[PDB]
Each structure stands twice: as C-alpha cells, then as structure tokens.
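Residue numbers (the authors' numbering), protein chains in the order written: chain A, 28 to 355; chain B, 31 to 354; chain C, 29 to 357. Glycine is no exception: its CB is placed at the ideal position from the N, C-alpha and C atoms. As structure tokens, the structure follows; a few thoughts come after it.
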Amino acid sequence: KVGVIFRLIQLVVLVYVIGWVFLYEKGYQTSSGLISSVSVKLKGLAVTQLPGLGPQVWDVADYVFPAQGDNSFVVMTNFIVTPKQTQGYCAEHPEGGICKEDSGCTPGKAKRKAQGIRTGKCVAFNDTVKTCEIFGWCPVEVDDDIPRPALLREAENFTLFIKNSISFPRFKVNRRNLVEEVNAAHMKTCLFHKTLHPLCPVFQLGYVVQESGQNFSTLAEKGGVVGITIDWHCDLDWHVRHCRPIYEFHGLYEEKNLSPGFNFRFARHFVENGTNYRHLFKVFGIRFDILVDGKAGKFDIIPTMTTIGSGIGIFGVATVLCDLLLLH
Amino acid sequence: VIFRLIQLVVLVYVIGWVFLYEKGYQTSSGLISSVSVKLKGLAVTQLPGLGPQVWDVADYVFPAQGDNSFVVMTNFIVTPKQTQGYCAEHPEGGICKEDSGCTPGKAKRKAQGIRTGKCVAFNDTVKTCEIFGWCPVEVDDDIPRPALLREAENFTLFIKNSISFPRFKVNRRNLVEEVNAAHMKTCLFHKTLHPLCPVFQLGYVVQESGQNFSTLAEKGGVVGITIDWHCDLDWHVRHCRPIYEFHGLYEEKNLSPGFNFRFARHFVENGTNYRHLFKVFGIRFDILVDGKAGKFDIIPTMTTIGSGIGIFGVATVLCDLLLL
Amino acid sequence: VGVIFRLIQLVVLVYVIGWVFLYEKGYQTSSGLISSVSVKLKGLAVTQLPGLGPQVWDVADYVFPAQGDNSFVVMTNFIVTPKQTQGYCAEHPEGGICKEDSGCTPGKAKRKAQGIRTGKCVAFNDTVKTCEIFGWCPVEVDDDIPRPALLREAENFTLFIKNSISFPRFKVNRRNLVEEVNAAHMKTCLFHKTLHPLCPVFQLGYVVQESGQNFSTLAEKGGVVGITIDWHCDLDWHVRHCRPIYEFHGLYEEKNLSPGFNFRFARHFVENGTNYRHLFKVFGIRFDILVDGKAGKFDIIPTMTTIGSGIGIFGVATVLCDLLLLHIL
Ligand SMILES: Nc1ncnc2c1ncn2[C@@H]1O[C@H](COP(=O)(O)OP(=O)(O)OP(=O)(O)O)[C@@H](O)[C@H]1O
Ligand SMILES: Nc1ncnc2c1ncn2[C@@H]1O[C@H](COP(=O)(O)OP(=O)(O)OP(=O)(O)O)[C@@H](O)[C@H]1O
Ligand SMILES: Nc1ncnc2c1ncn2[C@@H]1O[C@H](COP(=O)(O)OP(=O)(O)OP(=O)(O)O)[C@@H](O)[C@H]1O
Ligand SMILES: CC(C)CCC[C@@H](C)[C@H]1CC[C@H]2[C@@H]3CC=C4C[C@@H](O)CC[C@]4(C)[C@H]3CC[C@]12C
Ligand SMILES: CC(C)CCC[C@@H](C)[C@H]1CC[C@H]2[C@@H]3CC=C4C[C@@H](O)CC[C@]4(C)[C@H]3CC[C@]12C
Ligand SMILES: CC(C)CCC[C@@H](C)[C@H]1CC[C@H]2[C@@H]3CC=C4C[C@@H](O)CC[C@]4(C)[C@H]3CC[C@]12C
C-alpha cells in the first residue's frame with residue numbers, strides 16, 4: 028500500500044497546488060484596465076475683510092481656479108493683491124539690484140528673474156533703500172508680508188463633490204461614483220467619514236486635509252499639496268452592485284523644506300479711463316490631484332485552460348522532484 | 031521512433047504557438063503622448079434680453095489651450111451685472127416667516143452670503159433672508175428647454191495626437207498617416223469610410239457614444255475618446271495608424287445627470303467692480319491614450335526559447351509518466 | 029561520474045538562482061507611484077508691435093494655465109486683433125468669394141464659420157470683397173505670421189519644477205528637491221545633463237529644447253516638448269539614494285502638413301457701454317510633464333515564491349540533463 032499512499036499524497040499535493048493557483052485570483056480571471064472621468068464642484072463662501080477696505084466675497088467661481096473641474100485643481104487659500112497695475116517707468120524691487128549712484132544697474136534685461144526692461148537710474152524706493160528704475164508694471168509686488176491670519180482660512184468648511192464615472196472595456200461595463208446606495212435624500216445632510224459613511228462622495232476640505240496627514244492652519248499660509256486616489260477594485264463574477272470605490276488621501280506631508288508650499292501668480296486685465304490696468308494676485312492654495320486606477324475581470328475560458336495546463340506542468344515537476352529525492 | 035517523433039512534433043508545435051500567439055520574441059514599451067484640440071464652429075443665441083451674442087472658437091472651448099480633458103459649451107443661464115451688496119437670499123437658504131428666523135453667520139453647507147439678518151422679500155410672496163455678497167442678481171433653476179447654444183453637433187474637433195515610443199526612438203503622429211494633404215479641407219470621420227482623418231464632428235462623437243445629442247446638451251454630459259496606438263513596429267515603419275473608440279462613459283438620466291459648472295468674468299464700468307456669472311452645462315471630452323509596440327530583441331527570444339524547451343521537457347515527462 | 033554530475037547540477041542551480049536574483053530582482057515587490065507637480069516659470073519679455081505701444085509680458089501673462097497642471101503653453105507668438113464688437117462686417121477671403129450680391133446666401137457656411145451670413149456683399153480690402161456676416165466685426169488676419177517671432181526672448185525663462193511623488197504600499201514620500209540641493213543652489217543653478225543633473229530643469233530653449241529641436245523654428249509657429257521624469261529607485265538601501273532622471277523628447281521637428289501648435293483665446297472687457305474683446309492667436313510651446321517610476325522592497329512572500337520557482341527550474345534542468353545523457357548514452 029506504499030505506492031497507493033504515495034499516489035494519494037501526490038494527488039492531494041496537486042489538488043492543493045491547483046487550489047492555491049486558483050486562489051489569489053491569479054488565474055481563471057481576465058485583467059482589464061479602466062477609463063475615468065472626474066468632475067468637482069466646490070460650495071462655500073469666504074469673508075475677506077482687508078485693511079485696504081472694500082470688503083469682498085469669494086464665490087464658488089472665484090477660488091476654484093480651473094473653474095470647470097479637471098483632475099488637478101487649486102483652491103485659493105491666501106493671496107497678496109496689488110491692484111491697479113499699469114505700465115510705466117518707475118522703481119524696481121529689491122533683491123534684484125541695489126542702486127548706489129546711477130551706476131549699480133546697466134540698461135538691459137537682468138539675468139534669471141526679471142521685473143522689467145531696466146533703463147538705468149537710481150530712483151528712490153520708499154523703503155530707505157534706493158533701487159533701479161525699470162519699465163514695466165509700475166506698482167511692483169511686495170510678497171514679504173505673507174498674511175499670517177490666513178485671509179481665506181474659512182475654506183476649512185468647503186464641500187468638495189467628486190463625481191467620478193468609469194468604463195471597463197472588453198466587458199463594456201460602466202459605473203459611476205454615486206453608488207445606488209447613495210440617493211437624493213443622502214445629499215442634503217451628507218458628510219464623508221472613512222468608517223461611518225464611506226460611500227457618499229461629498230467630502231469636506233478640512234477633513235480631507237486632516238486625513239491627508241497634514242495639519243490645517245499651517246499649510247493655509249502657503250498652500251500645500253493633497254492627493255486623493257479613488258481605487259476601483261471590482262470583480263465582475265458577482266453582480267455589478269458590489270462595485271464600490273475606496274478613497275485614499277495620500278497627502279505628501281512635509282511642512283518644512285527648502286521651498287515648501289504651492290504658489291502661483293495670476294492676473295486679470297481690464298480697461299479703465301481708456302488705460303489698460305491689471306489686478307495681480309499671488310495666490311497660495313492647496314492643489315488636489317485625483318488619481319484613478321483599478322482592475323476588474325470576469326470568467327474567461329482561455330486563462331482557465333492556461334492555468335490548468337500550468338498546474339499540470341508544476342504537478343509533474345513536483346512529482347519529478349519527489350522521485351529524485353526518494354532516489355537519494 | 032514513433033514516440034520520439036510525436037514528442038518532437040509536440041515540442042515544435044508548442045514552440046510555434048509560443049512564438050506566434052503571444053509574440054514572445056519582441057520586447058514592449060510604454061507611451062508618452064501629447065494631445066492638441068482645436069474646435070472650429072459658431073453658434074448664435076437669441077437671448078430674450080435683446081443682446082444677441084456670437085460665440086466663437088475662443089468663447090465656448092473653456093480650456094483655450096485644449097488640454098487632454100476639456101469642456102464645450104452647450105447651454106447656459108447668464109446672470110449679468112453682479113456687484114457686492116445686500117439683498118434677499120435665494121429661497122433654498124430658507125423661509126423668513128418671522129423676522130427672527132434669519133440668524134447672523136454663514137450657512138452650514140452651501141452659503142450664499144453673510145446673512146446679516148433681515149426679512150427682505152425675494153419674490154412677491156416669498157421672503158427668505160438678507161445676505162451680503164454677489165447679491166443683486168442670483169442664479170436660478172431655469173434650464174432652457176430649447177437648449178440655447180444648440181447646433182454644437184456641427185462643430186469640427188481636431189485631435190493632433192503625437193506619439194513617442196522612447197526605447198525604439200521612433201516618432202509617429204496622428205495627423206500624418208503618410209497620406210493627408212487635401213483630405214483636410216473637406217473631410218469627416220466615419221468608423222468604416224474615413225477612419226484616418228482626425229477632423230471629427232461633435233455629432234459623430236456623441237452619437238457613437240450611445241447617447242443622443244437631444245438630451246446631452248440640456249444638462250451636459252461626458253464623452254471619452256481613447257486613440258490607442260497598437261503598432262507592430264517590427265515588420266514595418268508605417269502602419270502605426272491609431273484606432274478610435276469613443277467610449278460611452280455611463281449613460282444619461284439617473285441621479286445628478288450631466289455636468290455643469292460656474293464661471294465668471296470681471297470688469298469695471300463706473301469705478302464699481304462688477305461680475306458676469308455664467309452657469310455652464312457643457313459636454314466634457316476626455317482623450318486618454320495607450321500603446322504597447324514591440325521590436326526584435328535577442329534576450330527575450332532566448333528566454334522564451336528556454337521556456338519552450340522546459341515546457342517540452344515537462345510534456346515529455348508527463349507523457350512518460352502517463353504511459354507507465 | 030555521479031558526484032561530478034551532482035556537483036555540476038548544483039553549480040548550474042546556484043548560477044540560475046544568482047541570475048534570477050541579480051537580474052530580475054525576484055526579492056522585490058514592484059509598486060506604482062502617485063505624483064503631483066507645480067511648475068513655476070520666471071522671465072520677462074517686451075514686445076514693440078506696430079501699434080506704437082510697448083507691451084511687457086509678465087510672469088502670469090504668457091503661461092496660460094498659470095498654475096501648472098503638467099500641461100501648459102508658454103506663448104511665443106501672437107497676432108493681436110483688438111477692439112472687436114458685434115456688427116455686420118465683411119468676411120475673411122477663406123469662406124467664400126463674393127462675385128456679386130447673389131453669390132452668397134444666409135447660413136453658417138457649414139464647416140468653418142466666422143459669422144451668420146446675411147447675403148449682402150460688402151467690399152473688403154481692394155479687390156477681393158466678401159459676403160457680410162453678423163459677428164465679431166474686425167475679422168482676424170493670420171496670414172502674416174511674424175517672422176522675427178516677437179516674443180522670441182524665451183531662451184532664458186526658468187522652469188522651476190517642484191515634483192513630489194509618493195509610493196503608498198511602502199508609505200514613502202519623496203520630492204524633486206533632493207536633500208543635496210539647498211537654498212544656496214537655487215539662487216543660481218542651471219540644469220545640465222552631466223554637471224548639474226539634480227536641481228530642477230531650467231532655461232527653456234537651452235537645456236530643455238535641446239532634444240533634437242531648435243528654438244528658432246519651434247517658437248515662430250509653436251511646438252510640443254515632453255519632459256519625462258523617471259523615479260527608478262529601490263527602498264532596500266537608504267531613501268537618500270532615490271533620485272529622478274529627466275529626459276526630454278523630440279516628438280517632431282518640421283516637415284509636416286500641420287506643424288506647430290496654435291490656439292485662439294479672447295480677453296473680454298467693457299468700454300463705454302459696449303462689450304469688446306481682444307483676440308490673440310497665440311503660437312506657443314506645449315510642455316507635457318509626465319512622471320513615472322517604480323520601486324520595490326524585500327519581502328518574504330516574493331523571495332519564497334521565487335525560490336520555489338528556482339527549485340522547480342533546477343529540477344526541470346536536472347531531468348532534462350538526465351534525458352540528454354540517456355539519449356547520448
Ligand atoms: N459641494 C456641494 N455641497 C452640497 N451639495 C452639492 C455640492 N456639489 C454639488 N452638490 C449637489 O449636486 C447636485 C447637482 O445638481 P445641480 O448641478 O443642479 O446643483 P446646483 O448647481 O447647486 O444647483 P441649484 O442652483 O439648483 O441648487 C445638487 O443637488 C447639489 O446640491
Ligand atoms: N474643425 C477644424 N479644426 C481645426 N482645423 C481645421 C478644422 N477644419 C479645417 N481645419 C484646417 O486645419 C488646418 C490647420 O490649422 P491651423 O491652426 O494650422 O490653421 P488656422 O489657424 O485655422 O488658419 P486659417 O484661419 O488662416 O485658416 C487649417 O488650414 C484649417 O483649414
Ligand atoms: N522659474 C524660476 N526661475 C528661476 N528661479 C525660480 C523660478 N521659480 C522659482 N525660483 C526661485 O526659487 C525659489 C522658489 O521659492 P518659492 O516657491 O517659495 O517662491 P516665492 O518666494 O514665492 O517666489 P518669488 O519671490 O519669485 O515671488 C525662489 O527663491 C525663487 O527665486
Ligand atoms: C474543472 C475541473 C478540472 C475542476 C478543477 C477546477 C476548479 C477548482 C474550478 C473550475 C471552475 C471554478 C469555478 C468557476 C466559477 C465560479 C463562480 C464564482 O462566483 C466563484 C468561483 C467559482 C465557483 C469557481 C471556483 C473554482 C472552480 C470550481
Ligand atoms: C532556433 C530556431 C527555432 C529558429 C528561431 C526563429 C524562428 C522560430 C522564426 C519563426 C518565425 C520568425 C519570425 C517571423 C517574422 C518576422 C518578421 C520579419 O520582418 C523579421 C523577422 C521575424 C520577426 C521572424 C524572426 C524569426 C522567427 C521567430
Ligand atoms: C540559497 C539562498 C537561501 C541564499 C540566500 C538568498 C536570499 C535570502 C538573499 C540573496 C540576495 C540577498 C539580498 C542581497 C542584497 C541586499 C541588500 C542589503 O542592503 C540588504 C539585504 C539584501 C536585501 C539581501 C537579503 C537576502 C537575499 C535576498
């Protein structure tokens with residue numbers, strides 16, 4: 028009965044190997060990619076009482092800078108506005124050259140960062156320091172006084188709405204972020220929590236940043252970067268109703284570096300009294316990147332046949348190894 | 031000798047199957063691509079304000095540079111001449127009833143103003159609250175059934191895709207199918223008749239998506255174009271022509287249909303800051319590409335020849351075991 | 029004999045496992061990466077223009093997606109057609125030719141439309157004429173592309189790239205600014221493929237457009253440049269030895285039916301009581317910044333399964349050698 032016992036042991040080993048191969052979903056299921064489309068819709072307000080008077084309100088279309096969605100969008104969090112900018116010869120900015128007596132600066136564009144077409148003169152900047160005279164946007168920026176109170180910190184309570192639609196080809200199955208569990212009644216009193224309500228897509232910017240690993244009120248002065256990822260891991264063997272996304276906010280938390288924080292200049296032009304003016308904002312804001320990836324598969328007979336053939340081959344190899352070790 | 035001949039035949043058949051089915055004698059590469067989109071059309075809106083505007087190439091393609099994913103106007107409800115002031119809040123904020131209903135502070139979820147607290151009348155019979163902000167004129171829910179900025183189904187998209195193929199250092203472009211010189215003045219895109227001209231039509235990009243354009247422009251929608259470059263790159267230099275498959279990317283109807291956003295353009299009239307606010311129900315086009323390619327390399331050929339010889343040995347072992 | 033054959037088989041197996049360990053990196057768990065970029069351009073250009081009014085294009089005046097978005101256009105040429113307004117005016121000599129008053133009909137001219145045609149014939153220029161259209165009145169004339177390239181001083185703009193990537197499976201975060209690069213280097217650093225390969229890629233037109241392309245003709249009519257950032261590093265060593273490599277692509281140079289890349293964009297304003305717009309046909313450079321990478325760590329499951337595969341391949345090699353010896357016996 029030694030031979031029968033050995034044959035039974037080999038058969039059991041082969042069965043276990045086949046079960047392991049069919050486990051982990053390594054085989055018997057196809058692999059397909061996905062195509063995605065993401066839209067965002069922020070909703071909030073912000074008071075902007077400024078010592079320069081003229082209170083202003085930043086609406087939904089005033090801080091979302093792409094203003095129409097896109098994967099990578101920026102939400103304004105702070106700014107240094109220099110209104111009523113016009114073209115004309117006047118004093119330059121410091122850290123770009125110091126004028127001693129009509130000799131420090133020579134006519135021509137300066138190397139690397141430039142502020143205007145230098146003409147050559149010692150025009151008294153109203154900071155006890157005399158600099159060069161340039162031809163450009165006359166009221167130059169003053170970015171030293173970054174606003175500590177975080178003028179638009181009230182963005183902590185904004186509600187981001189990530190509407191995601193995907194399609195798996197080769198199965199022609201299309202799904203959306205709004206899973207049939209979430210209905211209209213769950214969109215008026217809905218927030219997002221990773222354990223309590225993991226399906227409703229109405230996130231809160233404060234909460235998103237908090238789960239990003241970045242403390243708020245310190246990246247508001249100089250906007251950081253936040254990355255949201257919507258993993259779509261689904262199996263088409265079961266009903267399509269079991270296709271749900273997983274949100275993971277891998278926030279690249281640094282809070283201290285050589286050049287920390289996002290920052291960009293943007294200007295809006297207009298015409299007043301027949302002269303072209305310009306409003307320039309140095310906006311610091313938090314940029315959200317919404318990366319979408321996934322993999323789904325279903326029953327196909329070719330991968331099943333290939334896996335069964337590989338299982339037969341590895342079972343034969345195992346029997347060869349067992350015979351070899353028994354020979355020794 | 032019969033068994034040896036059968037084993038040799040099985041081995042050579044396996045080798046041929048490995049070489050010709052999965053194409054194991056060639057390597058693989060990724061894809062780096064750039065997409066440039068240039069719409070060209072016109073649409074006129076006879077708004078009831080006696081202000082007939084003309085919307086041209088720079089007025090409805092919202093990302094003017096034409097990114098990979100962009101948006102085309104198909105409907106709007108303009109709310110012009112907006113300044114900063116106090117007036118009645120939109121009724122979704124609440125209902126006034128008594129003067130004590132309104133409270134100071136912003137709203138909870140969707141704030142429209144500071145809500146200082148008063149009971150001004152928004153309509154002739156409905157009073158909500160008093161808010162300070164972009165107050166004078168507020169956006170409403172009056173989506174135009176005739177679908178203003180219609181006839182967007184006659185525009186001509188133009189995808190000037192480019193391909194890199196870094197490892198093989200072979201550069202290909204969508205525009206040049208090695209024959210395109212006068213097929214650009216008068217061409218369309220048909221999946222069977224003219225599958226090479228990249229001057230699409232928004233009628234022939236939504237229709238093959240499986241969604242009718244009659245209800246797509248009312249509340250917006252999403253359309254996806256793939257342009258996947260599946261080129262053999264081995265027995266040719268040309269024959270890298272891409273294939274297009276406009277994916278449906280979800281059907282219409284259902285909860286929260288379509289896709290609409292809001293944007294605004296500021297201006298100065300009499301020393302007071304103003305704002306033109308548009309709510310846009312525009313289609314969204316996404317262009318995401320992929321490719322594999324492949325070229326003759328000796329290392330993968332040797333690796334798969336070794337794998338084939340191993341498979342042949344395993345098959346011979348299995349046959350010998352079965353015979354015994 | 030038998031001992032020699034066993035030693036040869038053991039040596040072959042050892043070589044096989046060494047090859048599969050030091051070539052395919054079997055004891056590693058390859059994973060993707062997530063990424064974000066923040067592109068900041070610095071520079072200044074001045075245009076005279078035949079309008080007798082000098083213009084200065086500032087930091088936020090040429091780069092249009094003025095927040096990054098890893099796909100942006102740095103304007104290098106334009107054809108300004110200012111002071112446009114709604115009215116009935118003549119059409120461009122590309123949608124039709126006005127032989128007489130009956131040569132044009134109301135409609136949108138099918139493919140390419142510049143205005144709602146009315147039918148009347150109005151003289152334009154001197155001989156060509158045209159059909160009247162209701163729309164933006166002064167039609168654009170893009171026939172005369174400026175050869176001196178106007179905003180041609182783009183061979184000195186700096187392109188500070190602030191790339192931050194994260195590998196989630198190992199939960200590691202890295203940035204473009206390698207710890208070696210500090211504030212003392214950012215004051216004056218220029219990216220070079222051999223001498224300074226770590227500080228972010230600067231100076232469009234000198235070490236960015238030198239990808240088998242020439243700024244001379246890549247700014248007169250626009251063009252496309254692709255910067256790919258590869259993060260190929262392993263967390264087996266210290267995290268310090270994880271630095272990216274930049275490669276600039278040469279997608280095409282010239283000799284094409286539709287070369288370059290240009291787009292029309294309009295800036296609106298209101299004067300007196302009428303809405304006007306400035307229309308720019310911007311010819312620019314599209315910089316596609318694409319970042320990819322891969323990383324792995326030593327884990328027990330991959331090394332166990334690769335040692336099992338090595339044992340299997342050693343056994344199959346042994347039985348193949350035995351069969352060969354039997355056939356050659
Ligand atoms: N940030 C958000 N917070 C709360 N609800 C949101 C948010 N973004 C989107 N929604 C909801 O998404 C749905 C989409 O509908 P729709 O686009 O008509 O909304 P809306 O622009 O806010 O319109 P309305 O002016 O009619 O309230 C709405 O029911 C809206 O309440
Ligand atoms: N729908 C379309 N979108 C883009 N280009 C189109 C379209 N239909 C035709 N074309 C043709 O594409 C060609 C390449 O476009 P290109 O940007 O180089 O020219 P353009 O700015 O349109 O020139 P012009 O206005 O002087 O005809 C043009 O000659 C144009 O006639
Ligand atoms: N495109 C560029 N070319 C050259 N130097 C640049 C460029 N972008 C940024 N820098 C320099 O690198 C640093 C970036 O720091 P950071 O992002 O905090 O900017 P910043 O201090 O807000 O900039 P700025 O002073 O110009 O307003 C600064 O010292 C700046 O001079
Ligand atoms: C086909 C003979 C040789 C049996 C050996 C293969 C066995 C292990 C395979 C073949 C078909 C397989 C099944 C095919 C389909 C399904 C339905 C799915 O919802 C759960 C898994 C399940 C139930 C699979 C389990 C594993 C399975 C039973
Ligand atoms: C050692 C023996 C088995 C010969 C190995 C090579 C044999 C199997 C032959 C069979 C099919 C052949 C390929 C068939 C077609 C082409 C396309 C041609 O443009 C280049 C050569 C190439 C790519 C051949 C390479 C060699 C090839 C793989
Ligand atoms: C025949 C077998 C058992 C011999 C040993 C094989 C395994 C255990 C060996 C072979 C190669 C080895 C690796 C080679 C190099 C390094 C880098 C070093 O910084 C940490 C250890 C690490 C990651 C080793 C871990 C152990 C390792 C994976």
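Straight-line measurement puts the Cα of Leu-179 (chain B) at about 18 Å from the Cα of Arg-145 (chain C). Contact between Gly-71 (chain C) and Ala-141 (chain A) holds, with the beta-carbon distance rounding to 6 Å and staying under 8 Å. Per DSSP, the unbroken alpha helix (DSSP H) holding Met-332 (chain A) starts and ends at 328 to 354.
In the structure shown, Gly-312 (chain C) falls within a strand segment according to DSSP collapsed to helix, strand and coil. Taking a beta-carbon distance threshold of 7 Å, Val-31 (chain B) does not count as an interface residue toward chain A. For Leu-187 (chain A) and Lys-325 (chain C), the gap between their C-alpha atoms comes out near 36 Å. Relative to the non-hydrogen atoms of ligand 5, the Cβ of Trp-265 (chain A) never comes closer than 6 Å to any of them. Listed along chain B are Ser-64 and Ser-192, each with a C-beta nearer than 7 Å to that of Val-252 (chain C). Burial is judged here by how many other beta carbons sit within 10 angstroms of a residue's own beta carbon; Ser-244 (chain B) has fewer than 16 and is exposed.
About 31 Å separates the beta carbons of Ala-211 (chain B) and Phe-92 (chain C), which is beyond the 8 Å limit, so they are not a contact pair. The secondary-structure analysis by DSSP pairs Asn-201 (chain A) across a beta bridge with A:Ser-194. Looking from the CA of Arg-292 (chain A), the closest CA among C:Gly-115, C:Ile-193 and C:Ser-66 belongs to C:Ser-66. Around the beta carbon of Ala-177 (chain A), 16 or more other beta carbons lie within 10 angstroms, which makes this residue buried. Checking the DSSP bridge columns, you'll see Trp-85 (chain C) partnered with C:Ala-73. The Cβ atoms of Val-298 (chain A) and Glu-299 (chain C) sit closer than 7 Å to each other.
Beyond the five residues adjoining it in sequence on each side, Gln-83 (chain A) comes within less than 8 Å, by CB distance, of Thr-75 and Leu-77 in the same chain, given in chain order. In this structure, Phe-230 (chain A) has its beta carbon at no less than 6 Å from each heavy atom of ligand 2. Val-253, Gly-254 and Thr-256: these are the residues of the segment 253 to 265 of chain C whose beta carbon lies less than 9 Å from some beta carbon of chain B, given in chain order. Within the same chain, and ignoring the five residues on either side of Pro-166 (chain C) in sequence, the residues whose Cβ sits closer than 8 Å to its Cβ are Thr-109, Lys-111, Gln-112 and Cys-117. When Cβ pairs closer than 8 Å are counted between the two stretches, the segment 251 to 261 of chain B is seen to touch the segment 312 to 332 of chain B, the count reaching three or more. Taking a C-beta distance under 7 Å as the contact criterion, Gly-250 (chain A) and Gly-301 (chain A) do not qualify as a contact pair. Of the candidates A:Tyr-274, A:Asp-264 and A:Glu-181, the residue whose Cα lies closest to the Cα of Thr-222 (chain A) is A:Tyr-274.
Secondary structure of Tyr-234 (chain C) (DSSP, three-state): coil.
Our two residues, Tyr-55 (chain C) and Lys-322 (chain C), have alpha carbons roughly 14 Å apart in a direct line. About 5 Å separates the Cβ atoms of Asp-129 (chain B) and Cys-149 (chain B), confirming a contact at the 8 Å cut-off.
Close CB contacts of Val-206 (chain C) within its chain, under the 7 Å cut and outside five residues either way in sequence, are with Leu-226 and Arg-271 (chain order). Here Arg-305 (chain A) is bridged, per DSSP, to A:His-296. Chain-ordered listing is empty here: chain A has no CB closer than 7 Å to the CB of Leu-205 (chain B), the nearest sitting near 23 Å. Taking C-beta atoms as the reference points, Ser-58 (chain A) and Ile-193 (chain A) fail to come closer than 7 Å. The closest CA to that of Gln-114 (chain A), considering only A:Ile-161, A:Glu-282 and A:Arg-202, is found on A:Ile-161. Taken from the Cβ of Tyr-90 (chain C), every heavy atom of ligand 6 lies 6 Å or farther away. For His-120 (chain A) against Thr-155 (chain A), the beta-carbon gap comes to about 15 Å, at or over 8 Å, which does not count as contact. Shown in chain order are the members of the segment 205 to 219 of chain C whose Cβ falls below 8 Å from a Cβ of chain A: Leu-205, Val-209, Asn-210, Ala-211, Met-214 and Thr-216.
Using a Cβ-Cβ cut-off of 7 Å, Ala-345 (chain B) is close to nothing in chain C; its nearest Cβ partner there is about 11 Å away. Collapsing the DSSP output to three states places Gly-324 (chain C) in coil. In terms of CA proximity to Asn-184 (chain B), B:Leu-232 leads the group B:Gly-312, B:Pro-196 and B:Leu-232.
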